[PDB]
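The structure appears right after this line, and notes come after that.
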There are 2 protein chains.
Amino acid sequence: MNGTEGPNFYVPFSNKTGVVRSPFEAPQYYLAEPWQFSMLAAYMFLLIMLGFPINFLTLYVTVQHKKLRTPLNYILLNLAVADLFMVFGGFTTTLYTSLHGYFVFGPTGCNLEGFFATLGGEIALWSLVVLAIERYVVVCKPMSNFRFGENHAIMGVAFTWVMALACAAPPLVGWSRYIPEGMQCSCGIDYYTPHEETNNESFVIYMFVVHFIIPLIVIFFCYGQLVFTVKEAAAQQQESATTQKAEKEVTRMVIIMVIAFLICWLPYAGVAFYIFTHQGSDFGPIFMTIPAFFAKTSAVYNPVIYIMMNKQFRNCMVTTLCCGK
Amino acid sequence: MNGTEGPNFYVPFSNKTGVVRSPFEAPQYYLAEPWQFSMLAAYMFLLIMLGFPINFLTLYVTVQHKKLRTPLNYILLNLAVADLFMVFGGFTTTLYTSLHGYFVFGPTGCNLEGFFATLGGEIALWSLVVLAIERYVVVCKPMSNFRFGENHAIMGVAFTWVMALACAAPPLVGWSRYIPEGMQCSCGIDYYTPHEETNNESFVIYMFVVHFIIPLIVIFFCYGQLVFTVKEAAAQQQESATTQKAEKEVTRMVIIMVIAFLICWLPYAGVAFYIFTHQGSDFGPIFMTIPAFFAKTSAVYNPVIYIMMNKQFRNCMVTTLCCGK
């Protein structure tokens with residue numbers, strides 16, 4: 001056959017060889033050599049360290065600074081909160097799996113793995129819509145006295161949260177499940193089999209048609225309505241105003257932001273298409289594993305772009321660095 | 001017997017078991033389980049990342065800043081140079097060894113490993129003497145118009161360099177050798193055997209009695225002559241002068257610096273004593289391996305203490321961070 005099947009695992013290699021044994025108990029050096037295995041482990045601790053201290057620093061900075069209550073501060077504060085939950089309940093069990101080659105917890109650890117991965121991805125993707133609509137408002141001006149505060153901004157964060165605890169949880173109860181992908185070292189969603197028992201096919205369609213292309217195209221047509229008035233050909237300040245210069249700053253920032261997110265997240269499910277619709281001829285392990293694990297660096301590069309161009313936020317950073325001036 | 005012997009390796013485990021085979025070709029999961037092995041690999045990439053970018057940043061900072069030509073800038077610039085050479089020609093082959101369990105290069109890679117380890121340690125240890133004598137001069141005042149510049153400071157860096165290329169090189173030619181220690185994953189100097197063929201015993205004595213205790217006690221008696229006039233019980237500025245306040249700043253900094261170096265480097269050869277003089281009863285693997293690899297974090301925490309208290313150097317850092325102001 002064109003792979004290998006199990007009740008909680010799918011090795012992407014033919015069991016006609018007669019070597020596939022218990023993967024959640026045994027290591028899996030016979031699917032792939034241990035050199036790229038240890039490479040992936042090191043590449044995970046990479047993001048663990050590069051996340052933790054900058055995250056805690058940005059948390060304490062925005063905790064101390066009662067000067068910036070523009071809602072983007074709130075957005076990248078609660079994104080940082082979700083990323084704290086991610087780095088605690090996320091990469092540590094993946095690194096233990098890459099340490100031993102399997103969840104010693106068994107499917108319990110695999111269920112713990114995806115409990116924050118797709119959740120964090122969902123927050124990081126849908127949160128950029130809430131600011132996109134804001135930028136469109138400040139550019140097109142349907143109102144005159146409108147601005148976002150304690151009764152226009154936190155509602156969008158609650159939107160992202162209530163979809164986060166409605167898009168990440170449903171596989172936990174049996175409408176979907178978790179199955180190891182990649183080198184069978186990362187638990188996600190199946191594309192290898194229909195598996196009508198847990199109702200995955202309708203679940204996979206319900207996930208893709210709701211969460212992937214629709215907010216994507218709302219973002220693209222917000223960008224399809226953000227090339228006329230304010231110009232990407234930047235020369236210097238004072239196009240219209242100084243707060244509008246800050247608008248232009250955040251505009252170019254979010255353009256490069258969503259472009260980086262595109263470059264990251266395109267092949268992640270671009271290969272899942274080929275695995276889902278077209279199964280039966282054959283497929284490759286490097287064909288799928290590499291582009292999916294390209295995208296595990298997503299939230300870690302969200303604070304640094306906020307350091308890149310935001311001027312006075314960087315002033316807050318460099319002031320409260322030594323906690324002096 | 002009380003261990004296991006070879007022509008280029010010494011497994012710290014009895015070969016009466018009848019399992020010791022080629023270590024430089026085979027992995028060594030049968031000496032110790034692979035969990036702490038992968039732990040050590042991750043703990044190496046830890047220091048690799050935590051070294052590289054801060055090192056390049058400090059290099060370019062001191063390259064741009066023609067404002068601070070006080071010699072401590074030169075000292076921690078050329079220490080950073082030696083650390084660039086270290087992180088290039090050092091931890092990468094150790095991480096490859098921890099990736100595969102052995103030098104694929106064979107003894108060539110093991111010889112490449114120690115070519116910068118003891119060299120970097122020698123520079124980091126002896127360089128702190130050159131500033132210690134300086135602080136003692138500024139505290140005791142034998143002269144009146146004396147200060148360190150382009151003809152008093154670089155001579156000390158040349159001292160450290162000419163001992164660096166006289167203390168690290170001699171094992172390369174046959175007066176000593178390199179042999180894997182720890183989990184047999186780190187090449188250093190033997191304490192398990194006399195091995196009179198390559199003349200190690202006289203070499204080990206010549207190393208310890210010259211490089212370890214003598215500069216150590218010169219440092220301690222410089223500290224034995226640095227508790228009377230300027231006081232560690234600090235209250236605020238203006239004890240004598242503002243440049244003398246900078247002297248007090250660097251004084252407390254170097255006190256904590258050498259104390260941290262003491263805490264790091266004490267057991268590293270404190271266990272080598274027990275292995276060298278007392279061999280024949282038995283010894284433990286955790287007895288030696290843990291305290292030696294505690295000390296592999298030495299140079300990486302040298303820039304951050306320079307960030308800790310140095311005020312205007314930190315001003316140079318935060319100014320040239322964005323390359324503006």
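FYI, nothing fancy with the structure tokens labels: chains A, B, ... in order, residues from 1 per chain, ligands from 1 as they appear.
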
Chain B residues within 9 Å of chain A, counting only C-alpha atoms: which ones, as a PyMOL selection string?
-> chain B and resi 34-35+38-39+41-42+45-46+49+99-100+308+318+322

Within 12 Å of region 201-203 of chain B using only C-alpha atoms, minus same-chain residues under 2 positions, as a PyMOL selection string = chain B and resi 167-168+170-171+174-177+189-199+205-211+276-277

Those same residues, written as a PDB file, in the first residue's frame with C-alpha atoms?
```
ATOM      1  CA  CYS B 167      49.762  27.271  26.612  1.00  0.00           C
ATOM      2  CA  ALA B 168      47.181  25.963  24.089  1.00  0.00           C
ATOM      3  CA  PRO B 170      52.064  22.506  23.194  1.00  0.00           C
ATOM      4  CA  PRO B 171      49.719  19.472  23.412  1.00  0.00           C
ATOM      5  CA  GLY B 174      53.245  15.680  21.541  1.00  0.00           C
ATOM      6  CA  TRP B 175      54.230  17.180  24.903  1.00  0.00           C
ATOM      7  CA  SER B 176      50.597  16.429  25.737  1.00  0.00           C
ATOM      8  CA  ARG B 177      47.548  15.192  23.835  1.00  0.00           C
ATOM      9  CA  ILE B 189      43.750  16.776  29.163  1.00  0.00           C
ATOM     10  CA  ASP B 190      44.259  13.389  30.789  1.00  0.00           C
ATOM     11  CA  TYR B 191      44.070  12.760  34.511  1.00  0.00           C
ATOM     12  CA  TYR B 192      43.389   8.997  34.271  1.00  0.00           C
ATOM     13  CA  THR B 193      46.922   7.787  33.452  1.00  0.00           C
ATOM     14  CA  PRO B 194      50.541   9.003  33.699  1.00  0.00           C
ATOM     15  CA  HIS B 195      51.335   8.073  30.059  1.00  0.00           C
ATOM     16  CA  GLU B 196      55.030   8.921  30.142  1.00  0.00           C
ATOM     17  CA  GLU B 197      55.350   8.413  26.356  1.00  0.00           C
ATOM     18  CA  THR B 198      53.858  11.827  25.499  1.00  0.00           C
ATOM     19  CA  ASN B 199      55.191  13.362  28.768  1.00  0.00           C
ATOM     20  CA  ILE B 205      52.361  19.843  36.757  1.00  0.00           C
ATOM     21  CA  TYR B 206      53.806  22.547  34.480  1.00  0.00           C
ATOM     22  CA  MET B 207      50.265  23.623  33.570  1.00  0.00           C
ATOM     23  CA  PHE B 208      48.816  23.683  37.094  1.00  0.00           C
ATOM     24  CA  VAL B 209      51.717  25.239  39.007  1.00  0.00           C
ATOM     25  CA  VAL B 210      52.114  28.017  36.390  1.00  0.00           C
ATOM     26  CA  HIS B 211      48.640  28.920  35.168  1.00  0.00           C
ATOM     27  CA  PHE B 276      44.991  12.472  38.992  1.00  0.00           C
ATOM     28  CA  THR B 277      46.444  11.799  42.437  1.00  0.00           C
TER      29      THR B 277
END
```

Shortest contact to residue 173 (chain B), candidates B:188, B:92, B:111, B:268, atoms counted only C-alpha atoms, goes to B:111

Would you work out the distance separating CA of residue 63 (chain A) from CA of residue 86 (chain A), expressed in Å to one decimal?
-> 19.9 Å

So which residues touch residue 9 (chain A) within 12 Å, counting only C-alpha atoms, skipping near sequence neighbours fewer than 2 positions away, as a PyMOL selection string?
-> chain A and resi 3-7+11-13+20-25+102+106-107+110+177-193

Go ahead and save the residues from that selection, with N, CA, C and O atoms, as a compact mmCIF listing (two decimals), in the first residue's frame.
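New file part35.txt:
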```txt
# COMPACT_ATOMS: atom_id res chain seq x y z
N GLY A 3 1.58 3.57 2.17
CA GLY A 3 1.89 4.09 3.49
C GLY A 3 1.70 3.03 4.56
O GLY A 3 1.98 1.85 4.32
N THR A 4 1.22 3.44 5.73
CA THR A 4 1.03 2.51 6.83
C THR A 4 0.02 3.11 7.79
O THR A 4 0.08 4.30 8.11
N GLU A 5 -0.90 2.26 8.27
CA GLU A 5 -2.09 2.69 8.99
C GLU A 5 -2.07 2.15 10.42
O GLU A 5 -1.49 1.10 10.70
N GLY A 6 -2.70 2.90 11.32
CA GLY A 6 -2.85 2.50 12.70
C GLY A 6 -4.07 3.13 13.35
O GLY A 6 -4.76 3.95 12.74
N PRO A 7 -4.36 2.76 14.60
CA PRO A 7 -5.51 3.35 15.30
C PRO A 7 -5.24 4.74 15.85
O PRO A 7 -6.19 5.49 16.07
N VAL A 11 2.32 5.84 9.97
CA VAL A 11 3.70 5.95 9.53
C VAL A 11 3.71 6.24 8.03
O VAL A 11 3.03 5.52 7.27
N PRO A 12 4.44 7.27 7.52
CA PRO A 12 4.43 7.51 6.07
C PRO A 12 5.45 6.64 5.34
O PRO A 12 6.36 7.13 4.66
N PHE A 13 5.30 5.33 5.49
CA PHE A 13 6.25 4.38 4.93
C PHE A 13 5.59 3.00 4.92
O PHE A 13 4.81 2.68 5.81
N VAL A 20 7.55 -1.87 11.01
CA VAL A 20 6.81 -0.90 11.81
C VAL A 20 6.31 -1.58 13.07
O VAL A 20 5.55 -2.56 13.01
N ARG A 21 6.74 -1.06 14.22
CA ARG A 21 6.29 -1.50 15.54
C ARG A 21 5.81 -0.26 16.29
O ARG A 21 5.72 0.83 15.72
N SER A 22 5.46 -0.44 17.58
CA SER A 22 4.79 0.56 18.41
C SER A 22 5.50 1.92 18.39
O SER A 22 6.58 2.03 18.99
N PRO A 23 4.95 2.98 17.74
CA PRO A 23 5.72 4.23 17.65
C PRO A 23 5.64 5.08 18.90
O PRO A 23 6.61 5.75 19.26
N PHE A 24 4.49 5.05 19.59
CA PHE A 24 4.34 5.83 20.81
C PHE A 24 5.09 5.24 21.99
O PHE A 24 5.15 5.90 23.04
N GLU A 25 5.66 4.05 21.86
CA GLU A 25 6.51 3.43 22.88
C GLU A 25 7.96 3.33 22.46
O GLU A 25 8.85 3.53 23.28
N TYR A 102 9.36 9.45 21.36
CA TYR A 102 7.97 9.06 21.57
C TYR A 102 7.45 9.73 22.83
O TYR A 102 8.23 10.07 23.73
N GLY A 106 2.16 8.77 26.17
CA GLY A 106 1.32 8.06 25.24
C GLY A 106 0.46 9.05 24.46
O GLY A 106 0.91 10.16 24.16
N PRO A 107 -0.78 8.69 24.11
CA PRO A 107 -1.64 9.67 23.44
C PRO A 107 -2.04 10.85 24.32
O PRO A 107 -2.52 11.85 23.80
N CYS A 110 0.44 13.47 23.28
CA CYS A 110 0.08 13.92 21.94
C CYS A 110 -1.15 14.81 21.96
O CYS A 110 -1.24 15.76 21.17
N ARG A 177 -9.36 14.47 15.96
CA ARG A 177 -8.40 13.78 16.82
C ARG A 177 -7.02 14.36 16.54
O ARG A 177 -6.87 15.29 15.74
N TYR A 178 -6.02 13.80 17.22
CA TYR A 178 -4.63 14.17 17.04
C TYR A 178 -3.82 12.94 16.68
O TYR A 178 -4.01 11.87 17.26
N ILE A 179 -2.93 13.12 15.71
CA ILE A 179 -2.20 12.03 15.07
C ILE A 179 -0.81 12.58 14.75
O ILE A 179 -0.71 13.74 14.31
N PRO A 180 0.29 11.85 14.96
CA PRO A 180 1.62 12.46 14.75
C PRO A 180 1.96 12.57 13.27
O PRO A 180 1.86 11.60 12.53
N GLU A 181 2.37 13.77 12.86
CA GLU A 181 2.80 14.07 11.49
C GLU A 181 4.28 14.46 11.48
O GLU A 181 4.96 14.44 12.52
N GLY A 182 4.78 14.80 10.30
CA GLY A 182 6.17 15.18 10.12
C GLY A 182 7.07 13.97 10.00
O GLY A 182 6.98 13.21 9.03
N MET A 183 7.95 13.78 10.98
CA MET A 183 8.62 12.52 11.23
C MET A 183 7.87 11.69 12.27
O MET A 183 8.48 10.93 13.02
N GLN A 184 6.55 11.84 12.31
CA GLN A 184 5.71 11.31 13.38
C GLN A 184 6.21 11.82 14.74
O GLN A 184 6.33 11.06 15.71
N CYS A 185 6.49 13.13 14.79
CA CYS A 185 6.96 13.80 16.00
C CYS A 185 6.23 15.12 16.25
O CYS A 185 6.72 15.96 17.00
N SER A 186 5.06 15.31 15.64
CA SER A 186 4.28 16.54 15.82
C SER A 186 2.82 16.20 15.57
O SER A 186 2.46 15.82 14.45
N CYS A 187 2.00 16.34 16.60
CA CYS A 187 0.60 15.95 16.53
C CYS A 187 -0.25 17.09 15.98
O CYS A 187 -0.23 18.20 16.53
N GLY A 188 -0.97 16.81 14.89
CA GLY A 188 -1.85 17.78 14.26
C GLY A 188 -3.16 17.14 13.83
O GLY A 188 -3.79 16.42 14.61
N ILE A 189 -3.56 17.38 12.58
CA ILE A 189 -4.83 16.90 12.04
C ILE A 189 -4.52 16.00 10.85
O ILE A 189 -3.56 16.24 10.10
N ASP A 190 -5.33 14.96 10.67
CA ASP A 190 -5.09 13.97 9.64
C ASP A 190 -5.44 14.50 8.26
O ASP A 190 -6.44 15.19 8.08
N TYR A 191 -4.59 14.17 7.29
CA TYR A 191 -4.91 14.26 5.88
C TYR A 191 -4.67 12.95 5.14
O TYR A 191 -4.85 12.91 3.92
N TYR A 192 -4.29 11.88 5.85
CA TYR A 192 -3.93 10.62 5.21
C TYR A 192 -5.12 9.70 4.98
O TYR A 192 -5.02 8.79 4.14
N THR A 193 -6.23 9.90 5.70
CA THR A 193 -7.35 8.97 5.71
C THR A 193 -8.64 9.75 5.93
O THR A 193 -8.62 10.77 6.62
```

Check region 179-324 of chain B with DSSP on the backbone and list each residue it calls strand (DSSP E or B), as a PyMOL selection string.
-> chain B and resi 179-181+186-188

Export, as a CSV table (one decimal), in the first residue's frame, the selected residues with C-alpha atoms.
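again_34.csv written:
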```csv
chain,number,residue,atom,x,y,z
B,179,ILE,CA,41.5,12.6,25.0
B,180,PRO,CA,37.7,12.6,25.4
B,181,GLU,CA,36.4,13.3,28.9
B,186,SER,CA,34.7,16.6,25.3
B,187,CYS,CA,38.4,16.5,24.5
B,188,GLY,CA,40.7,17.9,27.2
```

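Here CA of residue 77 (chain A) is placed at a distance of 25.6 Å from CA of residue 214 (chain A).
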
Where does DSSP see helix (DSSP H, G or I) in region 30-274 of chain B, if you list the residues as a ChimeraX atom specification?
-> /B:34-64,71-89,91-100,107-140,154-167,170-173,201-223,242-274

Residue neighbourhood residue 140 (chain B), 9 Å, only C-alpha atoms, exclusion window fewer than 5 positions, as a ChimeraX atom specification | /B:135,225-226,229

Find the residue from B:298, B:70, B:58, B:310 that sits nearest to residue 121 (chain B); use only C-alpha atoms when measuring.
-> B:298

Within 10 Å of residue 305 (chain A) using only C-alpha atoms, minus same-chain residues under 4 positions, as a PyMOL selection string | chain A and resi 253-254+256-257+301+309-310

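Using only C-alpha atoms, the smallest distance between any of B:315, B:112, B:71, B:29 and residue 151 (chain B) comes from B:71.
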